[PDB]
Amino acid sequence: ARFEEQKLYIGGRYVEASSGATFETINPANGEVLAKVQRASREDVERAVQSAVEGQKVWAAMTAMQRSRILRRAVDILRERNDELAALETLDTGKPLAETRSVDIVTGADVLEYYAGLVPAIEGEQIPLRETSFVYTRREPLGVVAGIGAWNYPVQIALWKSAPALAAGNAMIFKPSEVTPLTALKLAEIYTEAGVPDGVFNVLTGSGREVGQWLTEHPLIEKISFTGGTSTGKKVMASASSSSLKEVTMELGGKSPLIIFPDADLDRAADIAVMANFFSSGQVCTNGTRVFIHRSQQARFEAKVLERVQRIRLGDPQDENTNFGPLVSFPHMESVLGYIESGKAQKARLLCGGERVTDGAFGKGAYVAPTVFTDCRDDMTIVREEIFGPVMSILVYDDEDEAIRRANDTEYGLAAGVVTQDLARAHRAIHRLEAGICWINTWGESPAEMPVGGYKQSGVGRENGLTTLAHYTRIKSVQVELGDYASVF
């Protein structure tokens, strides 16, 4: 293995698991074993819960500004170790260094930095009732919460969940994806160095069916935040509900539509469509995988997509010049290739790509070529289902109302976007699109201030923005009676 054995992080240090079992994390670019990683047992979950209960008390007893300063110190460390953490994320995920060095830690720390400054701004309400009575609310910490991460942006997701949870005075137990456990453990080390109390951010490694479920079932955990697939999310939310009625945030899957209107800058439109499909090798939840183009512009648009796709630099993600890496794992590659074969079988027209890249060293990795299908139909499997790989589906439409109806005809509702130069059309279309994250003349930017999450089966709750901080607190209403009390008895 490249690295030493990775252990559980509980109480400000690494501790041995008690399962007697490990799993391997693999580098998807070459099949190299990166590390053996311990599996947390049911007793380890209990241990992390008790540690979080005690640690949360220390954390909540500090002043708001003391918490703020500690989180700001964590941000400073993250900025300092940006390139080091980026190199690790690239090993674990296969995403290009060009991406990890500029996105993953940058934007994860951006959100932690944002919430760090807001700790003193967490306030309740005061409501007078009459001269002799008034109400005030408190926004108290939930206590111990759990985060369950996904494998596409491991440390970014860890930061986006832990930052508001910790800013709101909670302790979080975090379970990274079995596929990508490494950077989450580094984050825990950084929080401790920054001054976060022992127990406040603990990390348990292992599978979802076990460790994830033990967390979602635990009676002392007050909230679960999960990022991953919709089918899995339903199961997680159900377990969280039936066990102890936990509060939930779910950031799930999508089949987001990008509508290119006839008055769009077509070069901007093609830049947007390729960014919305092939960044992180197509493994982004918000990807615009159904691209709607007017019939009159189909040929011109295909030419523009083809030109951009042909110059994608697929390669070793450790090369600075690479902008397109392998997929995260060999099993994920198999799944994506299955969807590609489905697309061919249902007679979608293959424009670009469509197979595994095996030339030379690439045969050692999980590389799928950027793939574009056109002449697509709404009932096709590649159009209806999330592939979570580099596969764009181009759909022809004839009128604006039709495009919007078709865009909305899905159980998903994560993101949506339009490309048009018209003031009226831009806002009117976007207001009609049923998605939580809406982009006009752009795609993919997710500022710390902007709440993001899904409509419909794409999610519950939100992340980022002021609203998310409020949602990691629970409301206590206090009525103060200053006058008489009348009983009817």
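The numbering used is simple: start at 1 and walk along the sequence shown.
Enquirer: May I ask you to compare 70-78 and 264-272 by their mean CA B factor in the entry and name the higher one?
Expert: Higher mean C-alpha B-factor: 264-272.
Enquirer: Quick check on the record: does 212-220 or 283-291 carry the larger mean Cα temperature factor?
Expert: Taking the mean C-alpha B-factor of 283-291 and of 212-220, the larger value falls to 212-220.
Enquirer: At the C-alpha atoms, which of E113, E341, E125, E247 reaches the highest B-factor in this entry?
Expert: Comparing C-alpha B-factors across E113, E341, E125, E247, the maximum falls on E341.
Enquirer: Comparing recorded Cα B-factors across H431, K57, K456, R42, which one is largest?
Expert: When the deposited C-alpha B-factors of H431, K57, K456, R42 are compared, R42 is largest.
Enquirer: Split the chain's modelled residues into thirds by Cα B-factor; is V15 in the lowest, middle or highest one?
Expert: Its C-alpha B-factor belongs to the middle third of this chain's values.
Enquirer: Within this chain, which third does the Cα B-factor at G354 fall in: lowest, middle or highest?
Expert: It falls in the top third of the chain.
Enquirer: Could you tell me which third, lowest, middle or highest, the C-alpha B-factor of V460 occupies within its chain?
Expert: For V460, whose C-alpha B-factor we compare with every modelled residue in the chain, the answer is the lowest third.
Enquirer: Lowest, middle or highest third: where is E140 by Cα B-factor in its chain?
Expert: Bottom third by C-alpha B-factor.
Enquirer: Within this chain, which third does the Cα B-factor at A61 fall in: lowest, middle or highest?
Expert: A61: CA B-factor falls in the highest third of its chain.
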